[PDB]
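*Asks:* First portion of the complex, with coordinates as positioned in the assembly:
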Amino acid sequence: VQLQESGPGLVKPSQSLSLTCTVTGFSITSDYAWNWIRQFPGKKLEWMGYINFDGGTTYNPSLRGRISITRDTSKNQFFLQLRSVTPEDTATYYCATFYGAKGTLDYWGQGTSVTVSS
Amino acid sequence: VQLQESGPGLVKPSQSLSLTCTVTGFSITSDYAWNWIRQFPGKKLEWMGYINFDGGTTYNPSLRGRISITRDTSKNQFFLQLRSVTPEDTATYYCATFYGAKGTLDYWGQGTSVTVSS
Amino acid sequence: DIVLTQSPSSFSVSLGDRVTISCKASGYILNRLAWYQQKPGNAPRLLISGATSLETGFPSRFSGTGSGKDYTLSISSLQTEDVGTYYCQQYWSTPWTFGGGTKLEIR
Amino acid sequence: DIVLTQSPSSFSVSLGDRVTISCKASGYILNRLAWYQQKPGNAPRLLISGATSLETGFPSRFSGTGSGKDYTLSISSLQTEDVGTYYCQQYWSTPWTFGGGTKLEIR
């Protein structure tokens, strides 16, 4: 119900990336699946992959081996670990919330931007 | 949403029975399935069988060959034709309304009683 | 089929009491267990769908706590307007048998 | 996968106009077609789920009329607060591709 990111707004290329979405108003072990979204400059949205409520996860098959989502259930967090980051995917990142039965991205983050330069 | 029966509150045994449930506030061709309920004296409820929104129907297998449900779609009615009526099933009859997705008997009739004697 | 034994066919309670109505199923229903409330002279008003949910038009006192086959209803601190005839229903299969229907009383 | 061609990549409309945004799908979605609305500097607010439903927090002007592959959005008599970037989404498959996103303009 209430999501927010907090992470580095910059990175060196070809190393890694860490974001963190802390969920209040609701517990991420209770009901929903929890997914990340990036939006490029020259705005095109690109869903990235969800972690389920029970730790299972499915990632967007364009991003194979590069994205991983973990979770720290004891404080309602779920982490974006994006490795070998090219300078091209310098998109605005989001964490969002999926109902499963309604089917839609019901709740979203606030919006963190990542710039991949040197 | 708004159901009501109107029929004979008595019958000779072993001939037939006719009831009619006229639905206002909603059209019986739109969404739901539409089913009949009897409640005996010495109160035990006994669901009788539903007609679907598209004329298909399924009847309670204790009542085989005796119940039939037709419908007159042009004024939102659906009929209870109960044949070879024993004097034992002198129950209070109802028409009711089933959601399908919620799963429960959401709306009911008002209550018609049928006494099968001579 | 699936028969729904409300083994407590009646009760004798007083006001402000937590009464617990059981509804033993003859098969797994998996929370497809309704509850109704027939005041005398009326059709059964729906009380609880899903065996854990509730229906708008009731206090937050009626509360179903069921699991597997042993579904039950909990009425914490009942009122005067809540004596009736509580029928549990499976809506798992097609022959939607109801319960026998318990009936509350006042001592 | 399923790509969602919003073939009208932009428009140029005026106030009080009925504009019709198409969203051509590359496969049958069967009314699993969302609509969003990204004001600049924001996350996409959900507008229409189910391709015919609506989301609480909008006038009764946005209305999706879709069938099969040819899903579309109808905005009867748009307001000043409704210029944005409308993204259609399939949520049928797993790689939830979005549309290209049309963008309304004022002549």
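*Replies:* Yep, that arrived. Residues are numbered from 1 along each chain as shown, chains lettered A, B, ... in the order given.
*Asks:* In this structure residue A:61 contacts residue D:95, no?
*Replies:* Yes - between residue A:61 and residue D:95 a contact is recorded at 6.1 Å, counting by CB atoms under 8 Å. Yep, even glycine has a C-beta here, placed from its N, CA and C like the rest.
*Asks:* Of these two, which one has the most company?
*Replies:* residue D:95 (16 against 10; other CB atoms under 10 Å in any protein chain shown).
*Asks:* any idea which helix or strand carries the residue nearest the centre of chain C?
*Replies:* When CA atoms, centre = their mean is applied to chain C, the residue found nearest the centroid is residue C:35 (4.2 Å). Assigned by DSSP states H and E, residue C:35 belongs to strand C:33-37.
*Asks:* got it, and residue A:21?
*Replies:* With DSSP H and E as criterion, residue A:21 is part of strand A:18-22.
*Asks:* in that strand, what counts as buried?
*Replies:* A:19, A:21-22 (16 or more other CB atoms under 10 Å in any protein chain shown).
*Asks:* cool, stretch A:103-118 as well?
*Replies:* A:103-109, A:111-112, A:114, A:116.
*Asks:* I'd like to know which of those residues are part of helices.
*Replies:* The helices, defined by DSSP state H, take in nothing from these.
*Asks:* Just say helix, strand or coil for the closest residue to chain D within chain C.
*Replies:* Using CB to the nearest CB, the single residue of chain C nearest to chain D is residue C:56, 16.9 Å away. Assigned with DSSP: H, G, I helix; E, B strand; the rest coil, residue C:56 falls in the coil class.
*Asks:* put chain E onto that model:
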Amino acid sequence: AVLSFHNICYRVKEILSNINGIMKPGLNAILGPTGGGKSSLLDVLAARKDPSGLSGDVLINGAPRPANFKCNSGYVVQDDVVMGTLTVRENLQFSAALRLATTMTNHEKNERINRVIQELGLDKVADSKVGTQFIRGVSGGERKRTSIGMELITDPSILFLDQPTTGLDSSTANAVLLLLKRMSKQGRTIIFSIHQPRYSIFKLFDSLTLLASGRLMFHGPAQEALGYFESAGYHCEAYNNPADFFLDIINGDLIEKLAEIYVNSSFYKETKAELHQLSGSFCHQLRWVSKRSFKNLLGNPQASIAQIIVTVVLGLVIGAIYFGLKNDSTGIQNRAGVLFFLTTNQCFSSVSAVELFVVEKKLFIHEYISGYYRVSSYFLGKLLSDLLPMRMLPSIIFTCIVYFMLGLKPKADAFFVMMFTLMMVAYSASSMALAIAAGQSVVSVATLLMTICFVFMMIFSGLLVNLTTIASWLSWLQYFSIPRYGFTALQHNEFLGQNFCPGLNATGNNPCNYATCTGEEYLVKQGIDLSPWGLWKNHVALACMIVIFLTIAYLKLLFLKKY
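*Replies:* So that you can see how it sits with the rest, here is chain E on the chains above:
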């Protein structure tokens, strides 16, 4: 009319060196062991082998063998190549049709049989059915007579026989040979080969030849073989079979020593001074081939009717299990269950189409080298005779029974779409069954292969795995499967107007998805088109897979090593 030959080397491995001799109008006999060339030389003189494997000449009356030689001569295979499911009058009208001239009268086709069946002594068994394991018929001693009459239609002067005694009893085979002895004097040159002969057989010949391990040991008339082998160093002891004493020489009461006797045989030297004097219509072809297997099809209830009894009973059992498929949450599982069960029947009963060609393989080989038909006339005829009716029927027997018991979609066209779709997948899985089994005499290999292949088609049909959820380097395999396209069509045929969430009109909105509350939501989720092309796409896929697999069956029957 004589045969003649000189300096024959036959390899694939030379199990021969060179054989020299002539064969008079009389009774020409080839004896020896089974490892010897006694079965290979007879395929040489009857031109039943690879001519590139052949080395020497075959000179007949001062003329080589033309293309017309097979069309006026008869070779008779060792097993019963007759149609025991038919009768003699029916089978000899077949071999009259494909061998006599088109100009010749049907009266003449009535008479020339009766010049022969009267000759064979088969006038008692003219309309008597010849015989099967499951239909009692004529004794096997006249099954041998039946095949010889099949190879005496246009009066061939030159007769050939694969093993005229093996397969028959002792006095049974004598009545064959006395009939051939009656043929030995009517100007018919019989050239055959007998394993383990007898002196009752030996006493009636006119010429004789012995082979052993690809080596020649005798040539000339048959009386003087006992006269010659005395000079080889032996003596025929008191009360011994002469034709068995001729094999007493062979295996050591060595091969190189006995053949050097034959190089210095005076029976060879006269032949040496004899050989070097010498060496110095389609509509009619489909009119009767379609009839013959048709009466094979009527004359076998244990294969025709017994595959209808299975079809009618399993038509009725599936009628009783399912019976009025409900439009509830279980309705998807039942409707997709039966349609997966019908298509796999259609497919796993098409394994019985391999029973067709593999049994009829050895009859196909002898009848084409005889020249009874063009290969397409066999192939446009037998498919008209067996592929057509035995798969039109269970695609109607299933279709009439299980449609209205189960209550599949109560329209007129969808009854006939299902009728036609089961008809195609019956043909298509049969065509693959013909395409694999064409040119294979083994049953247990090809029956195993399709059993492997159909299982690897059963997976991709769409019930045991969802086809959209396969890794994309395997989702190209979903096109090579016959149970996909039929079962796709049957799911397209039936799941259109259906609904499966009762009380829940789903076609306007589906609230609360993961639900499958209409037939399209099941049908799209399987990865199946909803446009009306998506139905008939499956049929033109199946129609092409018929034509391709019949062509592979046509080429395998064309490019087969017939020799």
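*Asks:* Can you pull out the residues in contact with the strand holding residue C:35?
*Replies:* Contact with strand C:33-37 is made by B:103-105, C:23, C:25, C:44-51, C:62, C:64, C:66, C:71, C:73, C:82, C:84-91, C:98, as judged by CB atoms under 8 Å, 6 or more residues apart in numbering or on different chains.
*Asks:* which stretches of chain A form helices?
*Replies:* Counting by DSSP H, chain A contains no helices.
*Asks:* Kindly list the main-chain dihedrals of the residue in the stretch 251-400 of chain E that chain D sits nearest to?
*Replies:* Nearest to chain D, among the residues of the stretch 251-400 of chain E, is residue E:332, at 15.0 Å (CB to the nearest CB). Residue E:332 adopts backbone torsions of phi -70, psi -40, taken as degrees, to the nearest 10.
*Asks:* check contacts around the residue in chain C that chain B sits nearest to.
*Replies:* Closest residue of chain C to chain B, CB to the nearest CB: residue C:43 (3.7 Å). Contact analysis of residue C:43 by CB under 8 Å, 6+ apart lists B:94, B:96, B:108-111.
*Asks:* same deal with residue A:30?
*Replies:* Contacts of residue A:30 by CB under 8 Å, 6+ apart are residue A:53.
*Asks:* That one and residue D:51, how far apart?
*Replies:* Look at residue A:30 and residue D:51: by CB to CB, to the nearest Å, they are 28 Å apart.
*Asks:* here's chain F, drop it onto the model above:
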Amino acid sequence: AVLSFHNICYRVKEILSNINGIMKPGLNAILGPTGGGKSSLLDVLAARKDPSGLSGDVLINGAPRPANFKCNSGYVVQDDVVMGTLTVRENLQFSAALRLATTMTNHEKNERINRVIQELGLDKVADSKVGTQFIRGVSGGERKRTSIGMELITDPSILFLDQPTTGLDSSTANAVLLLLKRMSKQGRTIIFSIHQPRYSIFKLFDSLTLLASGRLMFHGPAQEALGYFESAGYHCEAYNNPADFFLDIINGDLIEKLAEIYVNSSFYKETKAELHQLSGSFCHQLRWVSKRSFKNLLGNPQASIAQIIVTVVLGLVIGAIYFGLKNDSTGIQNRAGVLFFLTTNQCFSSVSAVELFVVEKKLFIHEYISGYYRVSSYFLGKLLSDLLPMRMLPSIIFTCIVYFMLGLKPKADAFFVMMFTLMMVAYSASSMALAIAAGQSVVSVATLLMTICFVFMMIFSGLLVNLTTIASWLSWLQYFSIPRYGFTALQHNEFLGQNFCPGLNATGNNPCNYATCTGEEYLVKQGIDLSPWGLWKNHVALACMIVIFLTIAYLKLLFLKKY
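*Replies:* Below is chain F, added to the chains above:
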């Protein structure tokens, strides 16, 4: 040691009337046609028929046949009953184990073979493998020698042979008979029957008997048969086989006329004045039977390894098709798809268990009447030898491969529940395959029966029709199906902790039903228990179906008409 007999009427239909004679210590021969009693009298004297079918007596040295007569005599079946997959040293240690005394030494078991294999001339092929179609071995002329050594272990004085010449070549069979001629003088009474004999065979006998259409035509020593039939009215012509001239009498160069000559034969009258002078341990039994088929099992890669190669490849293909089964809306279809595919494999590969008993039927019949084992010792041994290891392995090969590729439920116990469940349904479908095929020599019948039966079990397994939605006079058939109980258990094993509506925690509430958003909702809707008894209920159902179907297999092997 002599045999003797008088007034034998054998019916089911009397194809005999009465046969009279004695047999000396020497070489006793029975000749005639195949329709005659030449194969039926030999089963009488070796007690291989129904004694109620027998009428007369069998008197040996002034004593009737005891129960000990089969335990000290040897009959050799016409086909190769040897283990061509083993070697001669291995197979003669088998027949030493079950025939020599338990008190006797293993040194004595080492020596008494070597008193016999040295006699047979088989010292070259002692450790050489005997021979299969797929493993090159010893020539068939010493396969015949191999079986005779199997029936010479405890030194039987009285030898019997079903057709010692048929199946062998001409000089091949002479090396058998000279070996038997070496046995003809060492105090061993060989009593046999030859179809189509020869004068090289005829010149070495001691006594002789002719049968034709159940009628007796000769008795006495073998030389005087040519002496007697001259007086019958015939004359043996110049250079004819005498043993073939003895069948020249039979079929008209009638039967009642020739037998009346034999009633007035002086060879009968001496016998008439001769017959009326006369007529007037288990752990060891399982120690070696389990070893013999075990070396059959190692010595056939094309049936042992070739069913592992199918298992490993289809283990890997199913590993590639499914590969990490997702917990989404398609996840139910895939997980129920593979588990239906595994159990039907387990079942449709158990058709190959009919290859076990039907091939080993004729060896089972001869070896029990010889008395090598109690029937349970055969039955507790061969199931230990072939039913145990060939079904423990693919229930581990499937289990190790497809578990962690597919990502089936990542717990320790559920890996072994699936391991054990596939092990039982492998046994259970094999037990039914043994229960049907016990006591049937035909393959094509029983293979068709289970193919019918498994299909009528496939329907009730739960995938192709929902079992709760069957009419209640058919829902008792859902108990008679092996693919139900395994597939019920595998669905019970895997669908417990699962979820299939991602984003939708369903275990507290399922809003919007018709959804199947957890594994229990799929599992109950199939009509399957959720209590932990509901898992193992399937196993004790399957455990009882093993014991019942093995008992039906045990009774059919016990109550079989062995005669």
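*Asks:* Repeat for the contacts of residue C:43, accounting for chain F.
*Replies:* B:94, B:96, B:108-111.
*Asks:* now do 10 Å
*Replies:* Contacts for residue C:43 (CB atoms under 10 Å, 6 or more residues apart in numbering or on different chains) come out as B:3, B:37, B:39, B:45, B:92, B:94-96, B:105, B:107-111, C:36.
*Asks:* for residue 90, what are its contacts?
*Replies:* Because you didn't say which chain, this covers chain A. Residue A:90 touches A:10-11, A:13, A:38, A:40-41, A:113-117, counting by CB under 10 Å, 6+ apart.
*Asks:* try again with chain C
*Replies:* Here residue C:90 is in contact with C:1-4, C:23, C:25-30, C:32-34, C:51, C:71, C:96-99 (criterion: CB under 10 Å, 6+ apart).
*Asks:* Angles on the backbone of it, please.
*Replies:* phi -90, psi 140.
*Asks:* So what sits opposite it in the bridge?
*Replies:* Here residue C:90 sits in beta bridges with residue C:33, going by DSSP bridges.
*Asks:* Strands of chain A, residue ranges please.
*Replies:* Applying DSSP state E to chain A gives strands spanning A:18-22, A:33-39, A:45-51, A:57-59, A:67-72, A:77-82, A:92-98, A:105-108, A:112-113.
*Asks:* of the contacts of residue A:90, list those near chain F.
*Replies:* Of the residues in the contacts of residue A:90, proximity to chain F by CB under 10 Å from any CB of the partner chain holds for none.
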